[PDB]
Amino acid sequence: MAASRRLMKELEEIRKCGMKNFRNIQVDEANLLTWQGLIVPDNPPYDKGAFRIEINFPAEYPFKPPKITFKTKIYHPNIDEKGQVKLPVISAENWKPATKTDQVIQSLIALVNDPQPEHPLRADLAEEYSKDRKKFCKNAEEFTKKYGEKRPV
């Protein structure tokens, strides 16, 4: 209920303005606690594709953060094969209820743009990023174009 009310207000700000990075926002009409949308990266190796994410808001939102999940596959140190992301803003550690989904997505775009080999989820890749970057960008570029969604207009 309260979470839903807060989520409707957030939605109105986006219908009014909106984020260029986060498009096609579709939501569960019934509850608003599940969103789907598309994020379009701007820097290689991901300029060639776009990705579907799912946002799940806890019933207790906003006192508890949402979580993000890539539904499109992606080649990235901080992203799970399963699509899960550790993203500092959502960390239970850091989370502030004042934060809006808008900022979370901005953080996500930033994470995608600038991989962080520090607490990475795929060390297998995290190492190939630190060293031998050139093939990595090849690999990611191909993975993106093969398993990645097509870009908008």
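Residues carry their position along the shown sequence, with the first being 1.
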{"property": "Stretch exceeding the other in mean C-alpha B-factor - 59-67, 118-126", "result": "118-126"}
{"property": "Given 33-41 and 109-117, the range whose Cα B-factors average higher in the PDB entry", "result": "109-117"}
{"property": "Assigned third (lowest, middle, highest) for the C-alpha B factor of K48", "result": "highest"}
{"property": "CA B-factor placement of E54, once the chain's modelled residues are sorted into thirds", "result": "lowest"}
